[PDB]
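*Asks:* This is the content of data.txt (compact mmCIF, C-alpha atoms and all ligand atoms):
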```
# COMPACT_ATOMS: atom_id res chain seq x y z
CA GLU K 1 176.11 9.38 158.41
CA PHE K 2 177.67 10.69 155.21
CA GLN K 3 175.21 8.68 153.11
CA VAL K 4 172.20 10.16 154.90
CA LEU K 5 173.44 13.73 154.51
CA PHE K 6 174.33 13.03 150.87
CA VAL K 7 170.82 11.77 150.12
CA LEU K 8 169.22 14.66 152.01
CA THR K 9 171.36 17.16 150.10
CA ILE K 10 170.35 15.60 146.77
CA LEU K 11 166.68 15.70 147.79
CA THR K 12 166.98 19.32 148.92
CA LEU K 13 168.62 20.30 145.63
CA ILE K 14 165.98 18.42 143.62
CA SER K 15 163.30 20.38 145.50
CA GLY K 16 164.93 23.69 144.62
CA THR K 17 165.45 22.59 141.02
CA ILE K 18 161.75 21.80 140.63
CA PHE K 19 160.62 24.97 142.40
CA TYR K 20 162.80 27.46 140.54
CA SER K 21 162.26 25.76 137.16
CA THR K 22 158.48 25.98 137.61
CA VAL K 23 157.81 29.23 139.48
CA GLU K 24 160.80 31.27 138.27
CA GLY K 25 160.92 29.77 134.77
CA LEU K 26 164.55 28.68 134.91
CA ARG K 27 166.01 25.89 132.85
CA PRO K 28 166.44 22.88 135.17
CA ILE K 29 170.25 23.09 135.03
CA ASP K 30 170.09 26.79 135.93
CA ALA K 31 167.66 26.02 138.76
CA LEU K 32 170.01 23.37 140.18
CA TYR K 33 173.01 25.69 139.85
CA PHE K 34 171.05 28.51 141.50
CA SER K 35 169.94 26.23 144.35
CA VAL K 36 173.56 25.24 145.03
CA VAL K 37 174.84 28.83 144.77
CA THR K 38 172.12 29.83 147.26
CA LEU K 39 172.49 27.13 149.92
CA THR K 40 176.30 27.33 149.95
CA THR K 41 175.84 31.11 150.53
CA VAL K 42 177.88 32.10 147.45
CA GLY K 43 174.98 34.11 146.00
CA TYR K 44 176.35 35.44 142.69
CA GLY K 45 173.01 36.99 141.81
CA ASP K 46 173.26 36.07 138.14
CA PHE K 47 169.96 34.37 139.00
CA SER K 48 167.63 35.53 141.78
CA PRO K 49 163.87 35.19 142.31
CA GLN K 50 161.70 37.78 140.58
CA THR K 51 158.30 36.70 141.95
CA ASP K 52 157.01 37.16 145.47
CA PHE K 53 156.38 33.40 145.64
CA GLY K 54 160.02 32.90 144.70
CA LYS K 55 161.24 35.36 147.32
CA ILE K 56 159.17 33.75 150.10
CA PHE K 57 160.27 30.25 149.10
CA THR K 58 163.89 31.41 148.98
CA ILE K 59 163.70 32.74 152.56
CA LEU K 60 162.43 29.41 153.85
CA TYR K 61 164.71 27.34 151.60
CA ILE K 62 167.78 29.16 152.91
CA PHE K 63 166.85 28.65 156.56
CA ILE K 64 165.97 24.97 156.11
CA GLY K 65 168.72 24.14 153.61
CA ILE K 66 171.89 25.85 154.90
CA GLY K 67 172.15 23.55 157.91
CA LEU K 68 171.85 20.40 155.80
CA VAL K 69 174.23 21.57 153.07
CA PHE K 70 176.93 22.72 155.48
CA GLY K 71 176.51 19.56 157.54
CA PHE K 72 177.13 17.60 154.34
CA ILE K 73 180.14 19.75 153.44
CA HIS K 74 181.58 19.24 156.91
CA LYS K 75 181.16 15.46 156.73
CA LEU K 76 182.56 15.38 153.19
CA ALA K 77 185.63 17.33 154.33
CA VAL K 78 186.31 15.46 157.57
CA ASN K 79 185.18 11.91 156.74
CA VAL K 80 186.08 11.67 153.02
CA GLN K 81 188.54 14.36 151.93
CA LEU K 82 190.70 14.29 155.07
CA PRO K 83 191.29 10.49 155.06
CA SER K 84 191.99 10.59 151.32
CA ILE K 85 194.61 13.32 151.88
CA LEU K 86 196.22 11.38 154.72
CA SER K 87 196.32 8.24 152.57
CA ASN K 88 198.18 10.11 149.83
CA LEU K 89 200.95 11.02 152.29
CA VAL K 90 201.90 7.35 152.79
CA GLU W 1 166.68 27.96 173.72
CA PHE W 2 165.30 27.48 170.22
CA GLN W 3 162.25 29.59 171.06
CA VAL W 4 164.38 32.52 172.24
CA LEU W 5 166.57 32.46 169.13
CA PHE W 6 163.47 32.10 166.94
CA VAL W 7 161.85 35.17 168.51
CA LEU W 8 165.09 37.16 168.31
CA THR W 9 165.49 36.22 164.64
CA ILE W 10 161.92 37.34 163.88
CA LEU W 11 162.52 40.63 165.72
CA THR W 12 165.81 41.19 163.89
CA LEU W 13 164.15 40.54 160.53
CA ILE W 14 161.24 42.85 161.41
CA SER W 15 163.78 45.58 162.19
CA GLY W 16 165.46 45.17 158.82
CA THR W 17 162.09 45.05 157.06
CA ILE W 18 161.05 48.36 158.59
CA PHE W 19 164.42 50.01 157.97
CA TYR W 20 164.85 49.03 154.32
CA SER W 21 161.19 49.68 153.47
CA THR W 22 161.43 53.20 154.90
CA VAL W 23 164.95 54.43 154.13
CA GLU W 24 165.62 52.44 150.94
CA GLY W 25 162.03 52.54 149.65
CA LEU W 26 161.63 48.79 149.24
CA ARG W 27 158.32 47.00 149.31
CA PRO W 28 158.03 45.29 152.72
CA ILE W 29 158.30 41.80 151.20
CA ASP W 30 161.44 42.86 149.32
CA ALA W 31 162.87 44.39 152.50
CA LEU W 32 162.28 41.15 154.43
CA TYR W 33 163.78 39.06 151.62
CA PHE W 34 166.77 41.41 151.43
CA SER W 35 167.27 41.26 155.21
CA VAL W 36 167.32 37.44 155.10
CA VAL W 37 169.63 37.34 152.05
CA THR W 38 171.97 39.72 153.91
CA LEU W 39 172.13 38.09 157.35
CA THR W 40 172.53 34.57 155.95
CA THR W 41 175.47 35.98 153.90
CA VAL W 42 173.99 34.94 150.54
CA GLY W 43 174.10 38.50 149.21
CA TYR W 44 172.63 38.22 145.69
CA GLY W 45 172.82 41.97 145.20
CA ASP W 46 169.51 42.16 143.36
CA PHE W 47 168.80 44.60 146.19
CA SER W 48 171.49 46.60 147.99
CA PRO W 49 171.42 49.94 149.85
CA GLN W 50 171.76 53.05 147.70
CA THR W 51 171.83 55.67 150.48
CA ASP W 52 174.66 56.36 152.89
CA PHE W 53 172.22 55.83 155.77
CA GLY W 54 171.40 52.44 154.27
CA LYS W 55 175.07 51.52 153.88
CA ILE W 56 175.91 52.48 157.48
CA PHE W 57 172.88 50.62 158.84
CA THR W 58 173.80 47.58 156.75
CA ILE W 59 177.32 47.47 158.22
CA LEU W 60 175.96 47.46 161.77
CA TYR W 61 173.04 45.14 160.94
CA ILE W 62 175.42 42.54 159.51
CA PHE W 63 177.72 42.59 162.54
CA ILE W 64 174.85 42.43 165.05
CA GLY W 65 172.62 40.07 163.06
CA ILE W 66 174.91 37.36 161.66
CA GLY W 67 175.60 35.88 165.09
CA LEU W 68 171.91 35.64 165.97
CA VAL W 69 170.83 34.25 162.59
CA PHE W 70 173.55 31.61 162.46
CA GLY W 71 172.91 30.70 166.09
CA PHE W 72 169.27 30.15 165.14
CA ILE W 73 170.24 28.12 162.06
CA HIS W 74 172.54 25.96 164.17
CA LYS W 75 169.84 25.29 166.78
CA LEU W 76 167.26 24.62 164.05
CA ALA W 77 169.60 22.09 162.43
CA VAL W 78 170.77 20.30 165.57
CA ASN W 79 167.70 20.49 167.83
CA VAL W 80 164.86 20.27 165.28
CA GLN W 81 166.01 18.94 161.91
CA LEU W 82 168.41 16.31 163.26
CA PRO W 83 165.89 14.66 165.63
CA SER W 84 163.24 14.73 162.90
CA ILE W 85 165.64 12.96 160.52
CA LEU W 86 166.53 10.36 163.14
CA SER W 87 162.84 9.75 163.85
CA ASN W 88 162.19 9.06 160.17
CA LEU W 89 164.79 6.27 160.20
CA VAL W 90 162.74 4.22 162.70
CA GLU I 1 189.90 39.34 174.21
CA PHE I 2 186.91 41.15 172.73
CA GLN I 3 188.76 44.47 172.87
CA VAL I 4 191.73 43.09 170.92
CA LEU I 5 189.53 41.61 168.20
CA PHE I 6 187.49 44.82 168.08
CA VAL I 7 190.60 46.94 167.55
CA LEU I 8 191.99 44.51 164.97
CA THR I 9 188.68 44.55 163.09
CA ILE I 10 188.66 48.36 163.05
CA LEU I 11 192.26 48.41 161.80
CA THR I 12 191.49 45.82 159.11
CA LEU I 13 188.48 47.82 157.93
CA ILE I 14 190.50 51.06 157.92
CA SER I 15 193.07 49.32 155.71
CA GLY I 16 190.41 48.26 153.23
CA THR I 17 188.82 51.71 153.31
CA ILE I 18 192.11 53.37 152.41
CA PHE I 19 192.97 50.80 149.74
CA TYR I 20 189.65 50.78 147.89
CA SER I 21 189.23 54.57 148.14
CA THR I 22 192.67 55.09 146.58
CA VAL I 23 193.14 52.29 144.06
CA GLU I 24 189.50 51.69 143.11
CA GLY I 25 188.39 55.32 143.42
CA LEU I 26 185.55 54.69 145.85
CA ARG I 27 184.19 57.27 148.24
CA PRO I 28 185.54 56.40 151.71
CA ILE I 29 182.08 55.42 153.00
CA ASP I 30 181.60 53.13 150.00
CA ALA I 31 185.06 51.64 150.54
CA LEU I 32 184.27 50.90 154.20
CA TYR I 33 180.89 49.41 153.29
CA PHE I 34 182.51 47.31 150.55
CA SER I 35 185.23 46.10 152.94
CA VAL I 36 182.58 44.96 155.45
CA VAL I 37 180.40 43.34 152.76
CA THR I 38 183.52 41.48 151.55
CA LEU I 39 184.97 40.21 154.83
CA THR I 40 181.59 39.08 156.19
CA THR I 41 181.21 37.11 152.90
CA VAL I 42 177.94 38.82 151.93
CA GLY I 43 179.36 40.01 148.60
CA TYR I 44 176.49 41.96 147.01
CA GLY I 45 178.66 42.96 144.07
CA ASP I 46 177.23 46.47 143.87
CA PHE I 47 180.91 47.31 144.29
CA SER I 48 183.75 45.03 143.18
CA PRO I 49 187.36 45.71 142.14
CA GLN I 50 187.89 46.70 138.52
CA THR I 51 191.71 46.88 138.51
CA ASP I 52 194.12 43.97 138.64
CA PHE I 53 195.74 45.57 141.70
CA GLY I 54 192.31 45.63 143.31
CA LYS I 55 191.62 42.00 142.44
CA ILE I 56 194.97 40.82 143.84
CA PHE I 57 194.54 42.86 147.02
CA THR I 58 191.01 41.51 147.42
CA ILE I 59 192.24 37.90 147.25
CA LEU I 60 194.76 38.52 150.02
CA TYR I 61 192.41 40.73 152.06
CA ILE I 62 189.75 38.02 152.09
CA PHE I 63 192.16 35.31 153.25
CA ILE I 64 193.73 37.48 155.95
CA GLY I 65 190.54 39.27 157.02
CA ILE I 66 187.82 36.59 157.19
CA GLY I 67 189.40 34.87 160.19
CA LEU I 68 189.66 38.10 162.17
CA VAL I 69 186.17 39.35 161.29
CA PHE I 70 184.46 36.06 162.08
CA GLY I 71 186.49 35.71 165.27
CA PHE I 72 185.19 39.14 166.26
CA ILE I 73 181.62 38.22 165.32
CA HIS I 74 181.87 35.04 167.38
CA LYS I 75 183.17 36.90 170.44
CA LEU I 76 180.55 39.63 170.01
CA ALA I 77 177.80 37.01 169.88
CA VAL I 78 178.98 34.80 172.74
CA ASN I 79 180.59 37.32 175.12
CA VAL I 80 178.39 40.40 174.58
CA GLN I 81 175.08 39.56 172.90
CA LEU I 82 174.45 36.29 174.76
CA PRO I 83 174.94 37.74 178.28
CA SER I 84 172.81 40.76 177.36
CA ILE I 85 170.01 38.43 176.21
CA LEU I 86 170.24 36.35 179.38
CA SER I 87 170.13 39.51 181.50
CA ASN I 88 166.91 40.60 179.80
CA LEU I 89 165.22 37.35 180.84
CA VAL I 90 165.56 38.21 184.56
CA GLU P 1 199.32 20.76 158.90
CA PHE P 2 199.27 24.36 157.72
CA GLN P 3 201.72 23.56 154.92
CA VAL P 4 199.54 20.74 153.59
CA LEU P 5 196.40 22.88 153.58
CA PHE P 6 198.34 25.75 152.00
CA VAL P 7 199.57 23.54 149.16
CA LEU P 8 196.12 22.01 148.67
CA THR P 9 194.55 25.48 148.55
CA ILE P 10 197.09 26.61 145.93
CA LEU P 11 196.42 23.48 143.86
CA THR P 12 192.65 23.96 144.14
CA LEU P 13 192.94 27.58 143.04
CA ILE P 14 195.24 26.63 140.14
CA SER P 15 192.59 24.12 139.02
CA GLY P 16 189.88 26.78 139.03
CA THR P 17 192.17 29.25 137.28
CA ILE P 18 192.82 26.81 134.45
CA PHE P 19 189.18 25.76 134.17
CA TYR P 20 187.60 29.22 134.11
CA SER P 21 190.31 30.66 131.83
CA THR P 22 189.72 27.87 129.30
CA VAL P 23 186.00 27.09 129.41
CA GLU P 24 184.68 30.51 130.44
CA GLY P 25 187.28 32.55 128.54
CA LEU P 26 188.47 34.58 131.52
CA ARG P 27 191.88 36.16 131.77
CA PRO P 28 193.95 33.99 134.16
CA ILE P 29 194.03 36.71 136.84
CA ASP P 30 190.24 37.06 136.61
CA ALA P 31 189.85 33.28 136.80
CA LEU P 32 192.00 33.12 139.95
CA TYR P 33 190.12 36.04 141.52
CA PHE P 34 186.79 34.41 140.62
CA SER P 35 187.90 31.07 142.07
CA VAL P 36 188.82 32.75 145.37
CA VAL P 37 185.62 34.83 145.47
CA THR P 38 183.67 31.60 144.90
CA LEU P 39 185.32 29.25 147.40
CA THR P 40 185.36 31.84 150.19
CA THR P 41 181.58 32.24 149.53
CA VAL P 42 181.82 35.99 148.84
CA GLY P 43 180.25 35.62 145.39
CA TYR P 44 180.21 39.18 144.01
CA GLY P 45 178.85 37.98 140.68
CA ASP P 46 180.97 40.38 138.65
CA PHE P 47 182.07 37.08 137.10
CA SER P 48 179.90 33.96 136.97
CA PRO P 49 179.81 30.97 134.60
CA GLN P 50 177.83 31.44 131.40
CA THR P 51 178.18 27.91 129.98
CA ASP P 52 176.47 24.77 131.23
CA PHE P 53 179.90 23.15 131.57
CA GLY P 54 180.92 26.09 133.74
CA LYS P 55 177.79 25.83 135.88
CA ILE P 56 178.23 22.09 136.46
CA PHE P 57 181.93 22.49 137.27
CA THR P 58 181.10 25.34 139.65
CA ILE P 59 178.62 23.17 141.58
CA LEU P 60 181.23 20.46 142.11
CA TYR P 61 184.08 22.93 142.72
CA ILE P 62 182.11 24.64 145.49
CA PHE P 63 181.29 21.37 147.27
CA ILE P 64 184.85 20.02 147.01
CA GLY P 65 186.64 23.34 147.58
CA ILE P 66 184.80 25.08 150.42
CA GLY P 67 185.95 22.54 153.00
CA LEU P 68 189.60 22.86 152.01
CA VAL P 69 189.58 26.66 151.77
CA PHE P 70 187.84 27.17 155.11
CA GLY P 71 190.09 24.57 156.72
CA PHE P 72 193.05 26.59 155.47
CA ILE P 73 191.52 29.86 156.70
CA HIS P 74 190.91 28.32 160.11
CA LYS P 75 194.49 27.06 160.40
CA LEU P 76 195.85 30.40 159.14
CA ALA P 77 193.83 32.24 161.78
CA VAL P 78 194.52 29.96 164.74
CA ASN P 79 198.07 28.73 164.02
CA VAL P 80 199.61 31.80 162.32
CA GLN P 81 197.61 34.97 162.93
CA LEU P 82 196.74 34.27 166.57
CA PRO P 83 200.34 33.57 167.71
CA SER P 84 201.56 36.62 165.78
CA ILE P 85 198.97 38.79 167.56
CA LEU P 86 199.93 37.37 170.95
CA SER P 87 203.61 38.00 170.22
CA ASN P 88 202.90 41.65 169.47
CA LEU P 89 201.37 42.11 172.93
CA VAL P 90 204.71 41.34 174.64
K K K 101 177.88 35.52 149.59
K K K 102 178.76 33.68 152.41
K K K 103 177.09 37.26 147.03
K K K 104 176.19 39.20 144.13
```
Here is a file; write its structure as structure tokens.
Ligand SMILES: [K+]
Ligand SMILES: [K+]
Ligand SMILES: [K+]
Ligand SMILES: [K+]

*Replies:*
Amino acid sequence: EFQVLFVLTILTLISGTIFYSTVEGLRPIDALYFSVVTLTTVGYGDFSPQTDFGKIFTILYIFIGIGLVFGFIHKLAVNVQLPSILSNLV
Amino acid sequence: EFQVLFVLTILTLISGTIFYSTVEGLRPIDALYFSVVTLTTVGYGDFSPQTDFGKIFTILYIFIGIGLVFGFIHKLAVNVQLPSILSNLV
Amino acid sequence: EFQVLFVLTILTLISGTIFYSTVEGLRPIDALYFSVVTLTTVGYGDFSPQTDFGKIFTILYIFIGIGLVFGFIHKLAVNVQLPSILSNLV
Amino acid sequence: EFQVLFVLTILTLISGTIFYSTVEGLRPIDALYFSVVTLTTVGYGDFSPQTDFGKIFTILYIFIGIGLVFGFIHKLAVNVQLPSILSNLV
């Protein structure tokens, strides 16, 4: 469960990294950071797409990616972080 | 279920596209992108309303639109993406 | 239920409007718009607090306000928007 | 329950305060404010990391912190705010 969502999240972030590095000219690290900041809905806006291709991709990436990323966050919190916290209390 | 939320999401995004293109002077593609970035709560701020009409509309659009857009995202994730993922594992 | 959350949301937004208009010098309409953009987690950043008082208030306002605003949005979506949609289908 | 999430949220925010004050050169109050604005997903972008260290930390901080912060917000809303509201109605 967690492993599948972890792998899917990595793949989704790799896709954004490649897209934004190529089409929007970002350094790969900036493209990865931007992809994370986007799909977690933080949205600083220090980076944002300038091209119409980038804007269209971003629309679709948000709709397809938010569900996966927040599914991963939920499983991380409930199946990894929560048991680790409980274990520390004993 | 999914079809109804899909159609409602398209209609909601068309409404924002028309509003922001007219009142805020955005290109239609920018107005659509801004509407998506708003209702998914990303909020880059590369675009934001400059007129009081735009600010008032945005308040109401957020309150009326977030529930529909995140209902659609939830149904997309659970009723489309999840079964597709499970099918790939077999 | 819905009425109580509606009133609480209005009161919470009035509080932010008064605070940001006074301490951060915003026009009341801008303060209301900023309060909404904050508590719905959109966060354009076209407005943001410049004073330390404003930053401290914003921290506490977010933590106390997000739960109320998203409780209201949930009740709006499920108890008002959903039945209205279903009624249109018949 | 609430106490544990409260303490964990404080610890998580202290960690961000120390990190962003040191690596990104922010005043401690700005680092705390930025940490809150990040983990609640508001993301104004008035502050954002400029260094690659800061961007990498921010990616990991978001993934590890969102679950804790929104767990705390949920418990605050349902176990503290809700009973206080109900008590006011009698
Ligand atoms: K945001
Ligand atoms: K958000
Ligand atoms: K934002
Ligand atoms: K922003």

*Asks:* W:40, W:73, W:45, W:57: which is nearest chain P, counting only C-alpha atoms?

*Replies:*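 Under the stated criterion, the closest residue is W:45.
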
*Asks:* Which residues, written as a list in words, have at least one atom at most 8 Å from residue 37 of chain I, with only C-alpha atoms counted and residues fewer than 6 positions away on the same chain left out?

*Replies:*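 Near neighbours after the sequence-gap exclusion: residues 59 of chain W; 43 and 44 of chain I.
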
*Asks:* Determine, counting all atoms listed in the file, which protein, DNA and RNA residues have an atom within 10 Å of an atom of segment 10-13 of chain P; residues of the same chain fewer than 3 positions away are not included. Present the result as a ChimeraX atom specification.

*Replies:* /P:4-7,16-19,31-36,39,61,64-65,68-69

*Asks:* Determine the nearest neighbour of ligand K 104 (chain K) from the options W:58, W:46, W:3, W:81, counting only C-alpha atoms and all ligand atoms.

*Replies:*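 When distances to ligand K 104 (chain K) are compared using only C-alpha atoms and all ligand atoms, the smallest one comes from W:46.
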
*Asks:* So, counting all atoms listed in the file, which residue among K:89, K:14, K:62, K:42 is closest to chain P?

*Replies:* K:42

*Asks:* Using the file's own x, y and z axes, so that the box edges lie along x, y and z, what centre and edge lengths in Å (one decimal) does a box around every listed atom of segment 36-47 of chain P get when 5 Å is added on each side? Give it as JSON.

*Replies:*
```
{"center_x": 183.8, "center_y": 34.8, "center_z": 143.6, "size_x": 20.0, "size_y": 21.1, "size_z": 23.1}
```

*Asks:* Just checking: using all atoms listed in the file, which residue out of P:21, P:48, P:9, P:15 ends up closest to ligand K 104 (chain K)?

*Replies:* P:48

*Asks:* Go through K:66, K:86, K:23, K:29 one by one, measure the shortest atom-to-atom distance of each to chain W using all atoms listed in the file, and give the residue with the smallest value.

*Replies:*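 Once distances to chain W are computed over all atoms listed in the file, the minimum belongs to K:66.
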
*Asks:* Using all atoms listed in the file, find the one residue out of K:71, K:60, K:41, K:24 that sits nearest to ligand K 101 (chain K).

*Replies:*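 Residue with the minimum atom-to-atom distance to ligand K 101 (chain K): K:41.
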
*Asks:* So how far away is atom K of ligand K 101 (chain K) from atom CA of residue 67 of chain I, in Å?

*Replies:*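 Between these atoms lies a distance of 15.7 Å.
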